[PDB]
Amino acid sequence: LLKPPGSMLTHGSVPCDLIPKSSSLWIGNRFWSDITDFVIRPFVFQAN
Amino acid sequence: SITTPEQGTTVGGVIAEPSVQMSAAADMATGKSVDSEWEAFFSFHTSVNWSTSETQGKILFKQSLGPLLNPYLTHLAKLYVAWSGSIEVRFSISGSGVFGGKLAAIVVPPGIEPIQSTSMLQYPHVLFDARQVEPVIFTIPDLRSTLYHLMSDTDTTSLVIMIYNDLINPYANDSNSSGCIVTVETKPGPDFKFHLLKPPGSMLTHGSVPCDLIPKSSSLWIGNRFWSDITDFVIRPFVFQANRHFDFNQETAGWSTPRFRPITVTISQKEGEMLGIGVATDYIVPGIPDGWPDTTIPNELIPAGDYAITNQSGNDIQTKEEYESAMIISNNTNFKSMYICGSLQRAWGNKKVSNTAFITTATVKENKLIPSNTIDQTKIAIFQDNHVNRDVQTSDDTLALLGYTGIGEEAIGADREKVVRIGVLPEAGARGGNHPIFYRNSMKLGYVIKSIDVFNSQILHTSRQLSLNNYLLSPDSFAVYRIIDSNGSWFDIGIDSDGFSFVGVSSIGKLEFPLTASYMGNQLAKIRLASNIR
Amino acid sequence: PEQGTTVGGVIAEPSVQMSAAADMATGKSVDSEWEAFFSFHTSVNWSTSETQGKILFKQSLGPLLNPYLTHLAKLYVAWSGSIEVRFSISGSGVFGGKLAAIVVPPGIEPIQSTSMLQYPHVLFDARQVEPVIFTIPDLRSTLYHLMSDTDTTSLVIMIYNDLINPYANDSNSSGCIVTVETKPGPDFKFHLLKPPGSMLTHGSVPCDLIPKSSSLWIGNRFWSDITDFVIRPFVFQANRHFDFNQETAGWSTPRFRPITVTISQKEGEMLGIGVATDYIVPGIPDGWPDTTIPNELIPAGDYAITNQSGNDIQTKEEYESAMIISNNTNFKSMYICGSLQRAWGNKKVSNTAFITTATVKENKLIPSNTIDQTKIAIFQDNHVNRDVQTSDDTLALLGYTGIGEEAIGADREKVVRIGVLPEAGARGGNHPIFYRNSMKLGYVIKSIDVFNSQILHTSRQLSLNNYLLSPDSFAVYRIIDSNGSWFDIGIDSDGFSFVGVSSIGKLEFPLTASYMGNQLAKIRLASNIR
Amino acid sequence: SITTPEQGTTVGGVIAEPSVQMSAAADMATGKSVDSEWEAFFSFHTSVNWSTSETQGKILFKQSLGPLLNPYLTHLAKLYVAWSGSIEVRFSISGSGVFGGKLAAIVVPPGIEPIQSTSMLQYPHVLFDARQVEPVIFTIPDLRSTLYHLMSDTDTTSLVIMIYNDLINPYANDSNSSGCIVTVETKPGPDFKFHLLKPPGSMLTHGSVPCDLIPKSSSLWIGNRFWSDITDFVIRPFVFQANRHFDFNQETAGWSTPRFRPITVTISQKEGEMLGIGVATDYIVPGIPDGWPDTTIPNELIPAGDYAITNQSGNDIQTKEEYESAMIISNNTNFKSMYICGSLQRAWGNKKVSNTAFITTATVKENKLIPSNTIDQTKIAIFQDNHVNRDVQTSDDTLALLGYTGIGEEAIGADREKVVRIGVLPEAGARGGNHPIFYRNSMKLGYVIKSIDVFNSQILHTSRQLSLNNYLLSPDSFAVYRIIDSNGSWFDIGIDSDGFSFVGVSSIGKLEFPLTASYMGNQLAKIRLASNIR
Amino acid sequence: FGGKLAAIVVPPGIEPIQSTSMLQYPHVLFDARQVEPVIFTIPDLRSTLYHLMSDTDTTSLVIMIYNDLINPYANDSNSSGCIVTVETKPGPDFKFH
Amino acid sequence: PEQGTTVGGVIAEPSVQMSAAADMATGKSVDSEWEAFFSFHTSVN
Amino acid sequence: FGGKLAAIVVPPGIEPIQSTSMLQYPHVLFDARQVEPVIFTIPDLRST
């Protein structure tokens, strides 16, 4: 059975589509400058 | 030997000689035929007002499959656990040969939720005219994944109606021109039959439908932080409350039974002056007494000052704000932001007359009273009639709740910094285009005369259920509840997977309070809860 | 499925003749001669003390019914079909009493209440020779289930008409036993084949935790054996407590080994923190105890009698006398480690002993149920001025410091926490329990109790394997002794054990524990007390 | 009256009826072949390493027929009496096109044991060039004298793979350059099927397959003389021990239990100083306290003498060996060869303070001790500082095996003159060509920072399982277990019918300790045990 | 009285254990009341053709108390307990060689 | 178009039975049930 | 190069484990030298 165009699946869609399938135009949220590097830490906090 | 659930040796009535063909005549008395007459006629469900000012494409019946539709079925379903088949739906409108317009019909398959857009129509549909006096009757066939539908399956086939073409009327002009109503009846499809017969009292492995929380009636509602009936709504961006608040998984960040009763605590007579810090006597939270208030003093204040001022009485309503002027002031009175409450004094050894009670939760180092936000068995202060230096100990008994100290127009519980957490901080931000609310209640004051109110998170009766029951809801689908005043205004409220109230309007206003509610089911929180308010 | 060439080894086997013969001389006839005979599951005796209506056998349809199916299940994933169940009744012809069975569909949990019979049921009686059997029909939504499925068309037996023993009325009369066998229904059949050592996406079938033999029951607080039975309206302690999601507030692995940690010695004997050395928690001993100290206290010369010798059954009451006491000793809350020194300072003869958890301000200690890397202390003596320690370490619990009747484990204040404590109170009509355990006292020979959150060989399992369970139903295990009493424990997600009874008494210690898969927390757990 | 196997009042159940379709037809979701997903594909019984070292001939794999081959068959036999039928085999080498070397396999008939010689090759075999890509499948017929062999039965029709043509690579230079990994996959024959079954939890009157002994992983190995996990591997001419030692007949070589528990013993206050040993509260040997170490003292000496060691110390790693420095009286420590324990202390008569815990196994003669290789009721030892009074008894016993006393480079119990015999010390003289071994272990020292080794006779898990089940193994027959590390080094250990381990190597040392281990059944005692080191 | 005894034919090469699990095997229930004496056979399943006189490894049969022996007048001491006999007759298909 | 060998994963699907059934319980009848119904483009008054 | 690789069709409901044993199951080898690709099928084993 088919779907009625532009409908929302009551059980969420495949999350796979998130981030850009290319670095280049990534850029963050705390700031507009595109991603520079990757850092790891014990804990991560933020909200804005 | 053994025996099946029916076998056994029969004997037949004694004087039941004559234990036969009697209902012969009785049958006539009611000229009834099939013992399933409901599985035949049509029962009303709901109806809506299709206005001529209602723009092309706009949902009207998000109604979904499931015996929850027809009341008879819904009732009967109480005895089974399994249902399958479809449900026929007859409904029509009373259009006048003058009008013109068309309505659309679409059978939305399971797993999808209809959007109030146009595109919905680029789907196989059935046009419908306003003139057609003949009431339409089609069926919502049950397409299923499983074999038999578990009572709670909220994910099934569904049908909906959308205004294909606006409603036109030859005598347009000003105001809400016009608009006729449309009804909708229901009859159990032929191929609809149950299946599993549950044994009375057995307990279902899952949980009932959440469409049974709010009581259909505004009357008995009453806040959960205070035993007063609600009298208003609060459109806010954030909400927070743990005390007497319950989760959907029956868990609670809180520290108290979903009910309001007197608070009994035993405090050790300090011998010196006022003390506080008295551990409870019998509560389901080690230390923290079940029933003990919510917030705490917003400043390092001390315990003293008789009828400490906050100036000008009789100077009624020259009040509110920031003391309004020099002479006239708005807040101080020493023990401000204190919970007032009658209280019966113990006596231990001796000495009488209850006398006081002024409480809150904070650290009582010395004759000071600094506020703690974190609540532990070490922050339960009060005021007393200790007296006599023999160091007579373990004073008082109980105290209830009556008022609070007039902190201006501060609807208690409006700031995190004021709400007391046991550890966690239960809350909710604006999920989807929806906004969170509270329930503007009402709390008497003292020194003044009578005034000010306070918020509230869950309509008491709710929490009550939450704790005593166990349901099932999608962490992304609210619990659609319809609210309606005495005019026409109506809007929907939802329930967060955590247990909060949401709204789809940016601001709601005044409405006749002879309110009453209802329940629809569940809808992805990603959609706004329509409403005909304002 | 078969990829690759194929070649003969000049001496290939003439299939038929051999194998198509062996069977003959093997009696082997019914290929699957294990699907045509009844096996034997459990066997609980029915007595007269049993009140009409108490469930005598609540089981759910699943491969956990018959052993074969059970040992065969480990190979597959799917299963559809029914399973037959035969019961053998044994009781003197003189007897009387009917037992009724019933088939509950999937989606409903069996209730001890008499209301059950308010559903089609059968009537079985004791005085019946030929045994009775019947299939447990498989009604299901799906097309087959994965071993994770616990809710299905389950069967149960309840006491209809009370068991009656004519000439009893006295000092013993007993009941009558009745077994339970099972045979894999014809309609039954397994399906998907599981890839060796595979992981079931949504947990396993939590039913192996509590070992079967009582002898193999150690506590999660002490390398010591269970021993018994305490119940409390409130429990806690995450010292070595695990969760179903493997997450634990504790700091120690299930295992119970020595405590290897460096030290600190200036020339004021005590003090010392040791810290960082072989752990999985930033600067925290993987074997460090729990309870700190009730008061502040400092070290104090030697031992403190508290009250002479020959102090028995005229004692244990607090101040049972004036030239008495049952408290003070100056280290009343110290765990007796397995003293052993390393070196660097070298010059030996050191065998320390006392090591609780608190603060170290000169000679002061003071308690705190907060476990910061800097709060682990010791008892010692180095003797040669400067420093260079790395001394003591390698120790191992032994005893505790003689105290009053306050068994260690009931004071939520004298419990060390890492941040959060595992809270668990009465859920409905069930009650939270604890596992009593003996512990060598440091003076009065052997004595004093100690509570434990969960059996050792339990957590071990939770600590590793992933299990399936709704935080709304606690898995159940059936415990029985060698006399005739028995009850049920219903481990709840959090990881605690519960009981529907109010207080059980002493009993024949040889204990065997089985399992009934799991139940909802909303109902109690029958039992046979007294 | 009676009750033939399976029959009796049948009834089905309430609304019970297993009516096919819903069962049977629920198969659709599979495509299932039969009731044997077994015979259909192959598994990985194991993989062998092939390097540019071994010379044309040496057999690489010498497995015998029996369910032990294919895992599912294996996992099923645990329910039957005997089997019959062949087993299809598929194997292939995972080499690189740059290699070069042929390999052949042959189906050796039951009753004979292959020989690492080319001639042995003249027989119907199957070549497999190193370049071969597509694997090859052949069959292992069930040539059987009997009608069927039950579980055990050693004389099965064995399979084998030896180096037909040396494997070389056009890159010499380095030592054991490299090589490729081979793999054998098994499939239950189409004519294989078990036969009569076993009654759950029964014991096979003719022993079970010994293959299951030691942990198929180093890590959690650990010995028997001590709890510390295995550190290294040492080889010696002869091997003697007995305490934490067991045998195939489960003969109690020693006196302790298969595991480790805190030695607990009561004693009498000798009224002197160092007190009298001898009691044995929790033990299964009249007197002999289970838990006491196989070591004693070599030279009769006094328990008196505080502070001895060598000299100052701090000048660690000072390659000693005596001959002939004068400053660090290396060796002597007044009273070495001791067993430091974490003791509890005494009690009963009251007043005290833990300490003590220095034991051995000699004899009490007031101020002297003097050893003995013979351990009887009154032979245990201890130490004290529990000042004499009226001489009360029942001590607070206990203590745990923790330390020893820095003698020298002597691995604990390296000599018979040290082993605490109880009755008969079981040794082990080389067999065939193989040499006995030992299990090196660590043990904390007393005066020094950290040090000294300890010789263990057999892995804990070994003694453990050896003292419970029953595995029948011929007298002059071993137990093939393949141990490996990471670099490529692989050898075998053939357990002796007396509880010892053997290997056919000259010497090994440097290996990536994170090992692993399996079992290839069991071969004679005479034939050596190939390997790969250096 | 009331009670049941079990009968099980243990194949060669295995030795019966005094545990319960033995019963999770095809068996034949047996009642204490049955006055009729039971008579079944222990069929010889063999590896070889003919059994060498000494072969101590052969088919076997055993009996285990399925359900305890109950008695309406319990109480103290070794209450009671009846005896059980066992006779033997060479099977028909049994012949030497 | 198809180049390469082919092998089974011992548990191959019995086409018909399943899929040749699902539809049933799917109402799914008109294969291309999107070429037998009218959609909706624009709508100007 | 040199190295074999195998693939397996894990049934719905279970999650593979990075271990060789997990290999014992109907799989498909593919030597590093393999040239002609291999085609197999992923059956629809479904509860629903």
# chains A, B, ... in the order shown; residues from 1 in each chain; ligands from 1
>>> residues_around(residues="residue 488 of chain D", least_positions_apart="5", cutoff="10 Å", atoms="only C-alpha atoms", output="PyMOL selection string")
chain D and resi 49-51+176+178-179+511-512+532-534
>>> closest_atom_pairs(of="chain B", to="chain A", cutoff="12 Å", atoms="only C-alpha atoms", output="JSON lines")
{"residue": "B:106", "atom": "CA", "partner": "A:4", "partner_atom": "CA", "distance": 9.4}
{"residue": "B:107", "atom": "CA", "partner": "A:4", "partner_atom": "CA", "distance": 9.7}
{"residue": "B:108", "atom": "CA", "partner": "A:4", "partner_atom": "CA", "distance": 7.7}
{"residue": "B:109", "atom": "CA", "partner": "A:1", "partner_atom": "CA", "distance": 7.5}
{"residue": "B:110", "atom": "CA", "partner": "A:10", "partner_atom": "CA", "distance": 8.1}
{"residue": "B:111", "atom": "CA", "partner": "A:10", "partner_atom": "CA", "distance": 4.8}
{"residue": "B:112", "atom": "CA", "partner": "A:9", "partner_atom": "CA", "distance": 4.1}
{"residue": "B:113", "atom": "CA", "partner": "A:10", "partner_atom": "CA", "distance": 5.4}
{"residue": "B:114", "atom": "CA", "partner": "A:7", "partner_atom": "CA", "distance": 6.0}
{"residue": "B:115", "atom": "CA", "partner": "A:7", "partner_atom": "CA", "distance": 6.1}
{"residue": "B:116", "atom": "CA", "partner": "A:7", "partner_atom": "CA", "distance": 9.5}
{"residue": "B:117", "atom": "CA", "partner": "A:6", "partner_atom": "CA", "distance": 8.5}
{"residue": "B:118", "atom": "CA", "partner": "A:6", "partner_atom": "CA", "distance": 9.4}
{"residue": "B:119", "atom": "CA", "partner": "A:5", "partner_atom": "CA", "distance": 5.9}
{"residue": "B:120", "atom": "CA", "partner": "A:4", "partner_atom": "CA", "distance": 5.7}
{"residue": "B:121", "atom": "CA", "partner": "A:4", "partner_atom": "CA", "distance": 7.6}
{"residue": "B:122", "atom": "CA", "partner": "A:5", "partner_atom": "CA", "distance": 6.6}
{"residue": "B:123", "atom": "CA", "partner": "A:4", "partner_atom": "CA", "distance": 5.3}
{"residue": "B:124", "atom": "CA", "partner": "A:4", "partner_atom": "CA", "distance": 8.4}
{"residue": "B:125", "atom": "CA", "partner": "A:4", "partner_atom": "CA", "distance": 10.3}
{"residue": "B:143", "atom": "CA", "partner": "A:1", "partner_atom": "CA", "distance": 9.5}
{"residue": "B:144", "atom": "CA", "partner": "A:1", "partner_atom": "CA", "distance": 11.3}
{"residue": "B:145", "atom": "CA", "partner": "A:1", "partner_atom": "CA", "distance": 12.0}
{"residue": "B:154", "atom": "CA", "partner": "A:10", "partner_atom": "CA", "distance": 10.2}
{"residue": "B:155", "atom": "CA", "partner": "A:10", "partner_atom": "CA", "distance": 7.9}
{"residue": "B:156", "atom": "CA", "partner": "A:10", "partner_atom": "CA", "distance": 10.2}
{"residue": "B:157", "atom": "CA", "partner": "A:1", "partner_atom": "CA", "distance": 11.3}
{"residue": "B:158", "atom": "CA", "partner": "A:10", "partner_atom": "CA", "distance": 11.8}
{"residue": "B:429", "atom": "CA", "partner": "A:47", "partner_atom": "CA", "distance": 11.8}
{"residue": "B:473", "atom": "CA", "partner": "A:11", "partner_atom": "CA", "distance": 11.7}
{"residue": "B:474", "atom": "CA", "partner": "A:11", "partner_atom": "CA", "distance": 8.4}
{"residue": "B:475", "atom": "CA", "partner": "A:11", "partner_atom": "CA", "distance": 10.1}
{"residue": "B:476", "atom": "CA", "partner": "A:11", "partner_atom": "CA", "distance": 8.5}
{"residue": "B:477", "atom": "CA", "partner": "A:10", "partner_atom": "CA", "distance": 8.3}
{"residue": "B:478", "atom": "CA", "partner": "A:10", "partner_atom": "CA", "distance": 11.8}
{"residue": "B:522", "atom": "CA", "partner": "A:10", "partner_atom": "CA", "distance": 9.9}
{"residue": "B:523", "atom": "CA", "partner": "A:10", "partner_atom": "CA", "distance": 7.9}
{"residue": "B:524", "atom": "CA", "partner": "A:10", "partner_atom": "CA", "distance": 6.6}
{"residue": "B:525", "atom": "CA", "partner": "A:10", "partner_atom": "CA", "distance": 10.1}
{"residue": "B:526", "atom": "CA", "partner": "A:8", "partner_atom": "CA", "distance": 9.0}
{"residue": "B:527", "atom": "CA", "partner": "A:8", "partner_atom": "CA", "distance": 9.5}
>>> closest_atom_pairs(of="chain C", to="chain F", cutoff="8 Å", atoms="only C-alpha atoms", output="CSV")
residue,atom,partner,partner_atom,distance
C:1,CA,F:8,CA,4.4
C:2,CA,F:7,CA,7.5
C:3,CA,F:7,CA,7.0
>>> write_last_selection(atoms="N, CA, C and O atoms", output="tab-separated table (two decimals), in the first residue's frame")
chain	number	residue	atom	x	y	z
C	1	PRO	N	24.41	-22.77	-1.03
C	1	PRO	CA	24.99	-23.18	0.27
C	1	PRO	C	26.34	-23.95	0.20
C	1	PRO	O	27.23	-23.80	1.07
C	2	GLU	N	26.43	-24.80	-0.83
C	2	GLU	CA	27.57	-25.65	-1.17
C	2	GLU	C	28.29	-24.98	-2.34
C	2	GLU	O	27.75	-24.85	-3.45
C	3	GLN	N	29.50	-24.53	-2.05
C	3	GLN	CA	30.32	-23.85	-3.01
C	3	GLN	C	31.63	-24.58	-3.01
C	3	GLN	O	32.15	-24.91	-1.95
>>> closest_residue(among="E:74, E:35, E:53, E:14", to="chain C", atoms="only C-alpha atoms")
E:74
>>> interface_residues(of="chain D", to="chain G", cutoff="9 Å", atoms="only C-alpha atoms", output="PDB file with N, CA and C atoms, in the first residue's frame")
ATOM      1  N   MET D  28       5.787 -20.919   6.040  1.00  0.00           N
ATOM      2  CA  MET D  28       5.941 -20.012   4.920  1.00  0.00           C
ATOM      3  C   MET D  28       7.072 -19.018   5.147  1.00  0.00           C
ATOM      4  N   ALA D  29       7.088 -18.403   6.331  1.00  0.00           N
ATOM      5  CA  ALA D  29       8.133 -17.436   6.677  1.00  0.00           C
ATOM      6  C   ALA D  29       9.427 -18.153   7.017  1.00  0.00           C
ATOM      7  N   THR D  30       9.971 -18.870   6.046  1.00  0.00           N
ATOM      8  CA  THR D  30      11.225 -19.575   6.242  1.00  0.00           C
ATOM      9  C   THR D  30      11.720 -20.165   4.911  1.00  0.00           C
ATOM     10  N   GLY D  31      11.042 -21.189   4.396  1.00  0.00           N
ATOM     11  CA  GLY D  31      11.480 -21.807   3.150  1.00  0.00           C
ATOM     12  C   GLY D  31      12.299 -23.035   3.505  1.00  0.00           C
ATOM     13  N   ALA D  40      23.603 -29.162   5.269  1.00  0.00           N
ATOM     14  CA  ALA D  40      23.240 -28.135   4.313  1.00  0.00           C
ATOM     15  C   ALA D  40      24.399 -27.195   4.055  1.00  0.00           C
ATOM     16  N   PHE D  41      25.273 -27.023   5.038  1.00  0.00           N
ATOM     17  CA  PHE D  41      26.417 -26.124   4.879  1.00  0.00           C
ATOM     18  C   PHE D  41      27.505 -26.602   5.811  1.00  0.00           C
ATOM     19  N   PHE D  42      28.588 -25.847   5.898  1.00  0.00           N
ATOM     20  CA  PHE D  42      29.658 -26.284   6.773  1.00  0.00           C
ATOM     21  C   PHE D  42      30.033 -25.265   7.822  1.00  0.00           C
ATOM     22  N   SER D  43      30.786 -25.707   8.815  1.00  0.00           N
ATOM     23  CA  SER D  43      31.221 -24.799   9.862  1.00  0.00           C
ATOM     24  C   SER D  43      32.765 -24.716   9.904  1.00  0.00           C
ATOM     25  N   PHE D  44      33.343 -24.124  10.950  1.00  0.00           N
ATOM     26  CA  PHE D  44      34.797 -23.962  11.028  1.00  0.00           C
ATOM     27  C   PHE D  44      35.334 -24.755  12.155  1.00  0.00           C
ATOM     28  N   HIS D  45      35.513 -26.056  11.962  1.00  0.00           N
ATOM     29  CA  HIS D  45      36.013 -26.892  13.047  1.00  0.00           C
ATOM     30  C   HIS D  45      37.315 -26.343  13.628  1.00  0.00           C
ATOM     31  N   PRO D  71      30.446 -28.728  15.066  1.00  0.00           N
ATOM     32  CA  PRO D  71      29.846 -28.133  16.273  1.00  0.00           C
ATOM     33  C   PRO D  71      28.370 -28.423  16.570  1.00  0.00           C
ATOM     34  N   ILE D  93      42.828 -23.168   1.674  1.00  0.00           N
ATOM     35  CA  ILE D  93      43.899 -22.365   2.228  1.00  0.00           C
ATOM     36  C   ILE D  93      43.705 -20.924   1.812  1.00  0.00           C
ATOM     37  N   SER D  94      43.977 -20.022   2.737  1.00  0.00           N
ATOM     38  CA  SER D  94      43.839 -18.596   2.490  1.00  0.00           C
ATOM     39  C   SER D  94      45.240 -18.009   2.289  1.00  0.00           C
ATOM     40  N   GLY D  95      45.879 -18.350   1.173  1.00  0.00           N
ATOM     41  CA  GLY D  95      47.219 -17.854   0.921  1.00  0.00           C
ATOM     42  C   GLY D  95      47.235 -16.734  -0.082  1.00  0.00           C
ATOM     43  N   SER D  96      48.428 -16.301  -0.460  1.00  0.00           N
ATOM     44  CA  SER D  96      48.538 -15.241  -1.439  1.00  0.00           C
ATOM     45  C   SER D  96      49.151 -15.764  -2.716  1.00  0.00           C
ATOM     46  N   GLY D  97      48.651 -15.275  -3.844  1.00  0.00           N
ATOM     47  CA  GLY D  97      49.160 -15.709  -5.128  1.00  0.00           C
ATOM     48  C   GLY D  97      50.671 -15.665  -5.245  1.00  0.00           C
ATOM     49  N   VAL D  98      51.350 -15.058  -4.282  1.00  0.00           N
ATOM     50  CA  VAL D  98      52.803 -14.981  -4.352  1.00  0.00           C
ATOM     51  C   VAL D  98      53.455 -16.203  -3.739  1.00  0.00           C
ATOM     52  N   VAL D 133      41.862 -21.863  -5.388  1.00  0.00           N
ATOM     53  CA  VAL D 133      40.999 -20.858  -4.822  1.00  0.00           C
ATOM     54  C   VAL D 133      39.707 -21.449  -4.362  1.00  0.00           C
ATOM     55  N   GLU D 134      39.046 -22.136  -5.282  1.00  0.00           N
ATOM     56  CA  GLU D 134      37.780 -22.774  -4.990  1.00  0.00           C
ATOM     57  C   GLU D 134      38.139 -23.923  -4.031  1.00  0.00           C
ATOM     58  N   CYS D 180      50.903 -18.981   5.469  1.00  0.00           N
ATOM     59  CA  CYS D 180      49.491 -18.796   5.271  1.00  0.00           C
ATOM     60  C   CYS D 180      48.653 -19.662   6.216  1.00  0.00           C
ATOM     61  N   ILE D 181      47.395 -19.264   6.399  1.00  0.00           N
ATOM     62  CA  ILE D 181      46.462 -19.955   7.287  1.00  0.00           C
ATOM     63  C   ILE D 181      45.469 -20.842   6.550  1.00  0.00           C
ATOM     64  N   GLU D 185      36.377 -26.965   7.144  1.00  0.00           N
ATOM     65  CA  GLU D 185      34.967 -26.822   7.410  1.00  0.00           C
ATOM     66  C   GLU D 185      34.301 -28.205   7.353  1.00  0.00           C
TER      67      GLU D 185
END
>>> atom_distance(atom1="atom CA of residue 148 of chain D", atom2="atom CA of residue 20 of chain C")
11.5 Å
